[PDB]
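Below you will find one chain, with nothing else, as structure tokens; this is the form solved without this ligand, and questions on how it binds or moves follow later.
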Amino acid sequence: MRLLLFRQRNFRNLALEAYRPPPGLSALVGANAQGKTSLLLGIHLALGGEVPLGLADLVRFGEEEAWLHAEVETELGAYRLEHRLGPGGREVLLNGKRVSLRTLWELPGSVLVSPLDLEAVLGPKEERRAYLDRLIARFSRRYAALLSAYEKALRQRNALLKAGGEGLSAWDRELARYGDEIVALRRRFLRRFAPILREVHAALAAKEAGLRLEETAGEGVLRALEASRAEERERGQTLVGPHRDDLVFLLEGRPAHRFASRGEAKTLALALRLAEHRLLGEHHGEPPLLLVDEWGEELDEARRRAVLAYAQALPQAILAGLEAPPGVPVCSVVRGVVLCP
């Protein structure tokens, strides 16, 4: 994957007209860390990323819409990716054609190591499950399509529930059809991803990292629905199925959301991103672009070496921090504009 060109208008605090990163590994330097963080985030979204931000935190103050453009070369060919972010939503174009966002996940895209990442490790149940669904959807168009179909069957089913004792029967079978498949795909995915997470985290930290997906309907959605029938009737809501399952991250066998320090969480989050990156490379046959924010933060030598060692072996990667690694080509960001000397 080679990002050839990034252009933007009215995205966060950026002013650049164009940014042309070099091939290989490069670093963004400058006093304004927020500018760098926005640049990396703009690139990530240009390439098909998603992040949790109100429009006033994606679009420049006093402006209506933002635009993002990326020109990439991939194993699949050359592509022009564009996004308009405004009151109407996110409009995505690929080579001049309006496409669903998920279409861009047909290409390798990017992985961003962001300051936002630790909050999932530390945050509520629903956020870890949301992370899981976004992750797997990158890999599997069937999974993305099952999420949509399940969410319809669920919506329709809870409506029949809220409206008394209804004819739930056909809804049970639909929820199970989509749900059982989602459960299966999650198990398959996590069998591949968990060992990668453990390996990657071992290079960054002393504590063993793990994960567990706790299922409400592990013997099948139909059978769990039966067993929850009185109780779901009592609450007005489906209580079992993959929308209720919990992804737990572990350090030394113990839940990270309870027993990780913020620093430990930040390193676990880093490992999760690098494991996602590795697995995407296997899936696509070509690595995503890797974008690393906070390169310079309170890093230790071995942690740095391990990430630098990973990033410097890719076709292209961009780091942003207070200082660049020595010998890494550097581009300055000053007043929203990049200069690559």
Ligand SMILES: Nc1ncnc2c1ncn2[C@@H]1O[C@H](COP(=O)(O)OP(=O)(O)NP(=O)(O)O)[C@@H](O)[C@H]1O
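Each residue number is its position in the shown sequence, starting from 1.
If you look for the form deposited with this ligand bound, you will not find it shown, but the lines that follow are about it.
For this ligand in the deposited complex, the listed stretch (64-72, 276-284, 309-317, 29-37) containing residues with heavy atoms inside 4.5 Å is 29-37. Proximity to this ligand in the deposited complex, taken as a non-hydrogen atom within 4.5 angstroms, holds for one residue of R244, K207, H257, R84, which is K207. The contact residue chosen from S261, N95, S148, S100 relative to this ligand in the deposited complex is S261, the criterion being a non-hydrogen atom within 4.5 angstroms. At a distance threshold of 4.5 angstroms between non-hydrogen atoms, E50 is out of contact with this ligand in the deposited complex. Although the partner is absent here, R304 sits far enough away that none of its heavy atoms falls within 4.5 Å of this ligand in the deposited complex. The closest heavy atom approach of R9 to this ligand in the deposited complex falls outside 4.5 Å.
The shortest heavy atom separation between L45 and this ligand in the deposited complex exceeds 4.5 Å. Residues are counted as partner-facing when one of their heavy atoms sits within 4.5 Å of this ligand in the deposited complex; in 99-113 not one qualifies.
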